[PDB]
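Enquirer: My file is data25.cif. It has mmCIF, C-alpha atoms; chains and numbers go by the auth columns:
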```
data_my_file
loop_
_atom_site.group_PDB
_atom_site.id
_atom_site.type_symbol
_atom_site.label_atom_id
_atom_site.label_comp_id
_atom_site.label_asym_id
_atom_site.label_seq_id
_atom_site.Cartn_x
_atom_site.Cartn_y
_atom_site.Cartn_z
_atom_site.B_iso_or_equiv
_atom_site.auth_seq_id
_atom_site.auth_asym_id
ATOM 1 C CA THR A 1 88.179 -146.713 53.619 0.00 84 A
ATOM 2 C CA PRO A 2 84.644 -146.800 55.053 0.00 85 A
ATOM 3 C CA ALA A 3 82.028 -148.011 52.569 0.00 86 A
ATOM 4 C CA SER A 4 81.288 -144.315 52.998 0.00 87 A
ATOM 5 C CA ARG A 5 84.337 -143.465 50.878 0.00 88 A
ATOM 6 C CA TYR A 6 84.048 -146.302 48.398 0.00 89 A
ATOM 7 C CA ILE A 7 82.639 -145.384 44.974 0.00 90 A
ATOM 8 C CA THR A 8 80.912 -148.140 42.988 0.00 91 A
ATOM 9 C CA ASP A 9 79.880 -147.090 39.446 0.00 92 A
ATOM 10 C CA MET A 10 79.623 -150.763 38.510 0.00 93 A
ATOM 11 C CA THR A 11 77.480 -153.556 39.939 0.00 94 A
ATOM 12 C CA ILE A 12 79.020 -156.827 41.133 0.00 95 A
ATOM 13 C CA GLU A 13 77.834 -158.396 37.879 0.00 96 A
ATOM 14 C CA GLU A 14 79.528 -155.698 35.785 0.00 97 A
ATOM 15 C CA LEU A 15 82.773 -155.939 37.759 0.00 98 A
ATOM 16 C CA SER A 16 83.089 -159.661 37.278 0.00 99 A
ATOM 17 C CA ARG A 17 81.540 -160.067 33.817 0.00 100 A
ATOM 18 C CA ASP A 18 83.668 -162.067 31.404 0.00 101 A
ATOM 19 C CA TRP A 19 84.472 -160.158 28.207 0.00 102 A
ATOM 20 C CA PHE A 20 86.585 -160.980 25.161 0.00 103 A
ATOM 21 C CA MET A 21 88.338 -158.570 22.823 0.00 104 A
ATOM 22 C CA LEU A 22 87.750 -159.377 19.155 0.00 105 A
ATOM 23 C CA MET A 23 90.857 -157.381 18.310 0.00 106 A
ATOM 24 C CA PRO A 24 92.794 -157.314 21.561 0.00 107 A
ATOM 25 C CA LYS A 25 95.351 -154.692 22.445 0.00 108 A
ATOM 26 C CA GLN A 26 96.846 -154.129 25.881 0.00 109 A
ATOM 27 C CA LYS A 27 99.427 -151.932 27.478 0.00 110 A
ATOM 28 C CA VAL A 28 101.165 -151.756 30.818 0.00 111 A
ATOM 29 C CA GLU A 29 101.022 -148.174 32.046 0.00 112 A
ATOM 30 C CA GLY A 30 103.150 -148.143 35.197 0.00 113 A
ATOM 31 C CA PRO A 31 101.314 -150.157 37.876 0.00 114 A
ATOM 32 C CA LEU A 32 98.203 -150.437 35.693 0.00 115 A
ATOM 33 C CA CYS A 33 97.101 -152.511 32.714 0.00 116 A
ATOM 34 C CA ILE A 34 95.006 -150.966 29.921 0.00 117 A
ATOM 35 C CA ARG A 35 92.949 -153.150 27.583 0.00 118 A
ATOM 36 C CA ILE A 36 91.025 -152.023 24.499 0.00 119 A
ATOM 37 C CA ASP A 37 89.070 -153.975 21.920 0.00 120 A
ATOM 38 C CA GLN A 38 90.204 -152.397 18.649 0.00 121 A
ATOM 39 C CA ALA A 39 87.215 -153.846 16.778 0.00 122 A
ATOM 40 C CA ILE A 40 85.041 -151.239 18.500 0.00 123 A
ATOM 41 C CA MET A 41 84.504 -148.212 16.254 0.00 124 A
ATOM 42 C CA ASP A 42 82.291 -145.135 15.908 0.00 125 A
ATOM 43 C CA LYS A 43 80.544 -145.569 19.259 0.00 126 A
ATOM 44 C CA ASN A 44 79.741 -143.424 22.302 0.00 127 A
ATOM 45 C CA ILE A 45 81.602 -144.880 25.290 0.00 128 A
ATOM 46 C CA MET A 46 81.198 -144.263 29.028 0.00 129 A
ATOM 47 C CA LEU A 47 84.024 -144.926 31.460 0.00 130 A
ATOM 48 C CA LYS A 48 82.871 -146.279 34.827 0.00 131 A
ATOM 49 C CA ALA A 49 84.967 -147.110 37.894 0.00 132 A
ATOM 50 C CA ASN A 50 84.958 -148.514 41.412 0.00 133 A
ATOM 51 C CA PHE A 51 87.552 -146.838 43.599 0.00 134 A
ATOM 52 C CA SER A 52 88.226 -145.572 47.060 0.00 135 A
ATOM 53 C CA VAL A 53 88.343 -141.860 47.747 0.00 136 A
ATOM 54 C CA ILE A 54 89.956 -139.767 50.457 0.00 137 A
ATOM 55 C CA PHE A 55 90.398 -136.023 50.955 0.00 138 A
ATOM 56 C CA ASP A 56 87.986 -135.405 48.086 0.00 139 A
ATOM 57 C CA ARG A 57 90.022 -137.307 45.469 0.00 140 A
ATOM 58 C CA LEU A 58 90.331 -140.819 44.112 0.00 141 A
ATOM 59 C CA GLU A 59 92.737 -142.776 46.281 0.00 142 A
ATOM 60 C CA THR A 60 92.819 -146.335 44.981 0.00 143 A
ATOM 61 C CA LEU A 61 91.358 -147.821 41.801 0.00 144 A
ATOM 62 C CA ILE A 62 89.714 -151.217 42.003 0.00 145 A
ATOM 63 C CA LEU A 63 88.595 -151.445 38.374 0.00 146 A
ATOM 64 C CA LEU A 64 87.543 -149.267 35.478 0.00 147 A
ATOM 65 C CA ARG A 65 85.603 -150.457 32.467 0.00 148 A
ATOM 66 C CA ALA A 66 84.375 -148.790 29.301 0.00 149 A
ATOM 67 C CA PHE A 67 80.785 -149.430 28.274 0.00 150 A
ATOM 68 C CA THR A 68 78.909 -148.983 25.015 0.00 151 A
ATOM 69 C CA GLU A 69 75.457 -147.447 24.961 0.00 152 A
ATOM 70 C CA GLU A 70 74.088 -150.974 24.759 0.00 153 A
ATOM 71 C CA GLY A 71 76.118 -151.806 27.882 0.00 154 A
ATOM 72 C CA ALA A 72 78.868 -154.038 26.493 0.00 155 A
ATOM 73 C CA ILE A 73 82.351 -153.837 27.942 0.00 156 A
ATOM 74 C CA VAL A 74 84.990 -152.812 25.381 0.00 157 A
ATOM 75 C CA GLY A 75 87.871 -151.545 27.555 0.00 158 A
ATOM 76 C CA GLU A 76 89.423 -151.755 30.999 0.00 159 A
ATOM 77 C CA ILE A 77 91.989 -150.328 33.341 0.00 160 A
ATOM 78 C CA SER A 78 93.049 -152.718 36.102 0.00 161 A
ATOM 79 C CA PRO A 79 95.767 -152.833 38.739 0.00 162 A
ATOM 80 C CA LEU A 80 98.661 -155.227 38.228 0.00 163 A
ATOM 81 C CA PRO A 81 98.862 -157.690 41.057 0.00 164 A
ATOM 82 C CA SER A 82 102.587 -157.522 41.121 0.00 165 A
ATOM 83 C CA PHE A 83 103.121 -153.789 41.219 0.00 166 A
ATOM 84 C CA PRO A 84 102.154 -153.016 44.724 0.00 167 A
ATOM 85 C CA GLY A 85 100.346 -149.772 44.546 0.00 168 A
ATOM 86 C CA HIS A 86 99.421 -146.775 42.448 0.00 169 A
ATOM 87 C CA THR A 87 98.588 -143.081 42.753 0.00 170 A
ATOM 88 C CA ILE A 88 95.781 -141.006 41.307 0.00 171 A
ATOM 89 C CA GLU A 89 98.380 -139.723 38.840 0.00 172 A
ATOM 90 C CA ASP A 90 98.876 -143.308 37.608 0.00 173 A
ATOM 91 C CA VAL A 91 95.113 -143.683 37.183 0.00 174 A
ATOM 92 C CA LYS A 92 94.778 -140.396 35.302 0.00 175 A
ATOM 93 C CA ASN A 93 97.710 -141.328 33.053 0.00 176 A
ATOM 94 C CA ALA A 94 95.940 -144.571 32.252 0.00 177 A
ATOM 95 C CA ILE A 95 92.606 -142.813 31.625 0.00 178 A
ATOM 96 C CA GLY A 96 94.121 -140.392 29.078 0.00 179 A
ATOM 97 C CA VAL A 97 95.685 -143.349 27.295 0.00 180 A
ATOM 98 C CA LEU A 98 92.471 -145.370 27.242 0.00 181 A
ATOM 99 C CA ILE A 99 90.575 -142.355 25.941 0.00 182 A
ATOM 100 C CA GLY A 100 93.165 -141.699 23.242 0.00 183 A
ATOM 101 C CA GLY A 101 93.182 -145.324 22.099 0.00 184 A
ATOM 102 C CA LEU A 102 89.380 -145.359 21.848 0.00 185 A
ATOM 103 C CA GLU A 103 89.333 -142.051 19.953 0.00 186 A
ATOM 104 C CA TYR A 104 91.918 -143.523 17.528 0.00 187 A
ATOM 105 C CA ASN A 105 89.059 -145.879 16.562 0.00 188 A
ATOM 106 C CA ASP A 106 86.548 -143.060 16.012 0.00 189 A
ATOM 107 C CA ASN A 107 84.790 -143.490 19.376 0.00 190 A
ATOM 108 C CA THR A 108 83.445 -140.648 21.512 0.00 191 A
ATOM 109 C CA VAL A 109 84.383 -141.100 25.160 0.00 192 A
ATOM 110 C CA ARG A 110 82.783 -139.759 28.330 0.00 193 A
ATOM 111 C CA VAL A 111 83.582 -140.427 31.996 0.00 194 A
ATOM 112 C CA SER A 112 81.133 -141.055 34.827 0.00 195 A
ATOM 113 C CA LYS A 113 80.027 -138.259 37.132 0.00 196 A
ATOM 114 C CA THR A 114 82.109 -139.737 39.959 0.00 197 A
ATOM 115 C CA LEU A 115 85.217 -140.086 37.806 0.00 198 A
ATOM 116 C CA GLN A 116 84.719 -136.501 36.703 0.00 199 A
ATOM 117 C CA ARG A 117 84.313 -135.323 40.290 0.00 200 A
ATOM 118 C CA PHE A 118 87.162 -137.347 41.872 0.00 201 A
ATOM 119 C CA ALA A 119 89.889 -137.808 39.226 0.00 202 A
ATOM 120 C CA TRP A 120 89.234 -136.727 35.653 0.00 203 A
ATOM 121 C CA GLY A 121 88.361 -133.115 35.069 0.00 204 A
ATOM 122 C CA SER A 122 90.297 -129.951 35.814 0.00 205 A
#
```
Please go through the file and, once you have read it, give me the structure as structure tokens.
Expert:
Amino acid sequence: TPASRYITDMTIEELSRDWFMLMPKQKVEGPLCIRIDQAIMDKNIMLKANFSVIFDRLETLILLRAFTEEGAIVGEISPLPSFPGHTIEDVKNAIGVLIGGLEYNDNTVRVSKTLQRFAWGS
């Protein structure tokens, strides 16, 4: 994928930032791992991702992280090193799950423009 078809919602700093869940919960969703800090409640959350795109759709997810208005990371969808590969359907499965889990904790969740355009959104 040419840097032309690489979407980067997050900076290098954001991608690699260390973050700790106060009330960890994780889940393997097929070839993906979903992490949510359950201590996070009643907040507006924005999902941001870096992924490749082809034929007008997300092709391969590098990383997705959920940010609070203040810019703290409180959630994540990441590929499992072992499972080789994933589809956009895997990524969308994982996004619905992450959104559900965050809403369980009274959060309001939005996705980035690029996520909306390339994966999430009918």
Enquirer: Given the file above and the PyMOL selection byres ((chain A and resi 129-142) around 9), which residues are selected, and can you give them as an NGL selection string?
Expert: :A and (84-86 or 88-93 or 98 or 127-128 or 143-152 or 158-160 or 169-171 or 174 or 178 or 182 or 191-198 or 200-202)
Enquirer: Please evaluate the PyMOL selection byres ((chain A and resi 166) around 12) against the displayed coordinates and give the resulting residues as a PyMOL selection string.
Expert: chain A and resi 111-116+161-165+167-170+173
Enquirer: List as number ranges by chain the protein and nucleic acid residues near residue A:110, meaning an atom at most 10 Å away when all atoms listed in the file are counted, but skip any in the same chain fewer than 6 places from it.
Expert: A: 116-119, 160, 177, 180-181
Enquirer: Expand the PyMOL selection byres ((chain A and resi 188) around 10) into the individual residues it matches in the shown file, reporting them as a PyMOL selection string.
Expert: chain A and resi 120-126+183-187+189-191
